[PDB]
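The form deposited in one PDB entry is given below as one chain in structure tokens.
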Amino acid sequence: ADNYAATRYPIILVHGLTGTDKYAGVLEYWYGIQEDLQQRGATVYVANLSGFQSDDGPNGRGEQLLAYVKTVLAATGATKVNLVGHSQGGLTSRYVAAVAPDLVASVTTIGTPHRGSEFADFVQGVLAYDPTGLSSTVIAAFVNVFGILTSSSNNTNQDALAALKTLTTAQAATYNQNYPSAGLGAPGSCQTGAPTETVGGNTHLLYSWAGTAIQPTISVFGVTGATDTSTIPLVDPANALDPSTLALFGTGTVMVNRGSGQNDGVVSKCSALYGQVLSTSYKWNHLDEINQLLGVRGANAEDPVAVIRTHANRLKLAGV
């Protein structure tokens, strides 16, 4: 079945925060996903945008993605593209679908903070505790450099503070006011919207899924513990071979303590709902979603590469 993932329109993978197409030009963001899709017949491109920036704005990643979609179409002769974004990438995809509706056939978001992340609120609140404010300046300086350093093309358009702000729950509400979508439920409802939207007379298939590895367990003294359901308790090799495993269980404990409920360490189930929700049950943390830390995942986590491949075929069967 070499035409299994052969969609009519090219697939464009869109990375999230800190991303690029290849870290330091060496490590692929979407680990092993592009080769797999291609060996099953797909025409796939991986966008390379600013790892730190807001999505809208003249200098934003949205404008960057639009320019890339256009060069992908001109290069291939295709008329539309299928947009598949992870994390903040899903927000960038929504920008293009709203701004150039004729050029998009579908939008799929994987663990996307459509309503922002409680963890971002947390980080912003912490930064805001310095009465001198130097903390922001120094930390930002350091993150922007890390951006320029790791970007495949050493993109200098990095703004750590703009990116942090845009992932907060307050900011994400304004974004949704600004770029509505029939795929979103009412703000505050923790419900999805419709499975499709018709903008400019152009129809888009909308899809989403989220990982909910981090589940709250018990609460005492107003303190709530959480468990990482992706792994076998204490003993899982992924706790050892992939340092993001324990790190996201920790950031995930902060969120559960900020009232976010199930999450993947950085995005709650409620914030991730969009269009046709295929599943919110995956036992994945935020990086398991893109087969991350060199394809390492807990014993209970589903194979993210198989999930993405199956979706490419679902797109094909839907006619896009």
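Take the two forms, superpose them, and find the largest set of C-alpha atoms that agree within 1.5 Å; that set is the rigid core. The first residue of the sequence shown is number 1, and the count goes up from there. Only residues modelled in both forms are compared.
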Per the entry, higher mean C-alpha B factor between 238 to 246 and 123 to 131 = 123 to 131
State which stretch shows the higher mean Cα B factor in the entry: 88 to 96 or 202 to 210.
-> 202 to 210
So among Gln191, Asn82, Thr76, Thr169, who wins on Cα B-factor in the entry?
-> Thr76
With respect to the C-alpha temperature factors reported in the PDB entry, which of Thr217, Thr196, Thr109, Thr174 ranks highest?
-> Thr217
Split the chain's modelled residues into thirds by Cα B-factor; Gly185 lands in the lowest
Position of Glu35 among the chain's modelled residues by C-alpha B-factor, lowest, middle or highest third | highest
Within this chain, which third does the Cα B-factor at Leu293 fall in: lowest, middle or highest?
-> highest
In terms of its chain's C-alpha B-factors, the third that includes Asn313 is the middle
Quick tally, chain-level thirds of C-alpha B-factors: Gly259 sits in the highest
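There is also a form deposited in another entry; it is not shown, and the following applies to it.
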Would you say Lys22 moves its Cα by 2 Å or more between this form and the one not shown, aligning on the core?
-> yes
Output row for the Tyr9-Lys22 CA distance, |change| of 3 angstroms or more in that other deposited form, reads closer
Relative Cα spacing, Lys22 and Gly90, in that other deposited form - shift of 3 Å or more | closer
Residue ranges moving between this form and the one not shown (criterion: at least three consecutive CA positions shifted 2 angstroms or more, core aligned) | 19 to 26
